[PDB]
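Listed next as structure tokens is one chain, alone, in the form deposited in one PDB entry.
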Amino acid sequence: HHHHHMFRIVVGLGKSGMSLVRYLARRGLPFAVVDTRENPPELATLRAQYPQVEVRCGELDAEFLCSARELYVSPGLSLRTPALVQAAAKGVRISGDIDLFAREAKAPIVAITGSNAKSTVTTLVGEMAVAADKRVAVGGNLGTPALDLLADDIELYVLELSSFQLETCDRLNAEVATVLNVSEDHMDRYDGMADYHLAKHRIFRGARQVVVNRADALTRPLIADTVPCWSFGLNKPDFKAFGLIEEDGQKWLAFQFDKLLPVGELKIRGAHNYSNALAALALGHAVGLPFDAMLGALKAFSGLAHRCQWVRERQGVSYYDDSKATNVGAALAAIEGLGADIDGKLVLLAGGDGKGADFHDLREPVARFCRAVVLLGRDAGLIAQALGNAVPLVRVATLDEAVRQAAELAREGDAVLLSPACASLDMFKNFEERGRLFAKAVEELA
């Protein structure tokens, strides 16, 4: 079983695996593809587009993996998979598409992770860079695989990174890096908060600057003492800091003692979105984006689909798609934020794959803001146990039923909120499909 000394193996045939196939094939390197599943989602794609690439589907063959110089592992595949552990112990480098991107990119990287907000802040910094007339490429976990962004004329890369991707990134060497926030998530993969936190802090390896959340200690890296450190927060900022300046009850986004923009001139609203705006300003300022360009993009920014997104108002009841809420921290923010905005109470739709999360933090906000909760999905029962008898709970089987029942529970002035605190993967392809099907059911109400 001979192989070339450059031989490498792509482990996982999903979207990032296909970006690795494209990259390695373009460089004419010897490689093969494996996947633990008999019928991975991009198998048909690989067979149609790369009929000559060796592909092995099923139980991983550790002896085959051990013949490669490096494995590029799908971020969704746990590195505790036994054959990967065995290859690692025999000195095979465990890598991945972000690790490879970091080793190849020829322009500064803005690297953004966090338990929440990383897609919004990544998108915003990208729009700031476009407004600053930079040749920018934006992607990563956000959707466009990072390797597909590579081009020599790119002046700035903006990457959303997951804790999973970061586990195989040896030395990202970002120009500026941030962990926006950390709250319990992905506890079906990590043993606890310590390993989850450590994985995210790999974003700082080699970072030339950092952006830190003054309100979240799990975002503060050791290197904040040795590289330029820009902080954001909602309190009044000090030197080198972004924050809010308040005068006669009017709030301004601010850098040090300079008022930048009244928060009322943003389209996005609420404390979490102000924090996101300040984080994006800090990241953009770190890579030289002019303030006037950044503020113009901030004023124009409308937010992302499935982020507490208004769908419909029917019989005085408004319907909001917050399907992006796949952890408790996100649902907490939406319940508090929308609950405080409306002239009524919430009917919350929640449940799905809870990833081993503690749901106890939902109880008090649900008791304060909800008229009822509609629960679906694999871990509906765990959520119901955490909520107790705070409010009426209605158990349903499908999202269409959940919407029909929520309409019946709601009264004029209420809002129906899909903010599930769970992954969608037990019942849906992804959280975007979950949100699209919620919006479809809402639109089908008579």
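Numbers for residues come from their place in the sequence shown, where the first is 1. Shifts are known only where both forms have a C-alpha. Just so we're on the same page, rigid core means the largest C-alpha set that superposes within 1.5 Å between forms.
If you average the C-alpha B-factors over 317-325 and over 230-238, the higher value belongs to 230-238. In this crystal structure, the stretch out of 276-284 and 77-85 whose C-alpha atoms carry the higher mean B factor is 77-85. Out of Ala207, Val263, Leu362, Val121, the entry records its largest CA B-factor for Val263. The residue among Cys57, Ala402, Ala415, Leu418 whose C-alpha atom has the highest B-factor in the PDB entry is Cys57. The deposited CA B-factor of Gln165 belongs to the lowest third of values across its chain. In the PDB entry, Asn173 places in the middle third of its chain by CA B-factor. Annotation for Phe431: CA B-factor lies in the middle third of the chain's modelled residues. Sorting the modelled residues of the chain by their CA temperature factor places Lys106 in the lowest third. In the PDB entry, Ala390 places in the highest third of its chain by CA B-factor.
Keep in mind that the form deposited in another entry is missing from the display, and what follows is about it.
Superposition on the rigid core between the shown form and the other one places the CA atom of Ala402 2 Å or more away from its counterpart. In the core-superposed comparison between the shown form and the other one, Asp321 has its Cα shifted by at least 2 Å. Figure legend: C-alpha atoms of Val328 and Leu253, shown here, are separated by at least 3 angstroms more in that other deposited form.
Compared with the form shown, the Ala421-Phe164 C-alpha separation increases in that other deposited form, the change being 3 Å or greater.
Displacement of the C-alpha atoms by 2 Å or more across three or more consecutive residues between the shown form and the other one, following core superposition, is confined to the runs 37-52, 305-336, 338-446.
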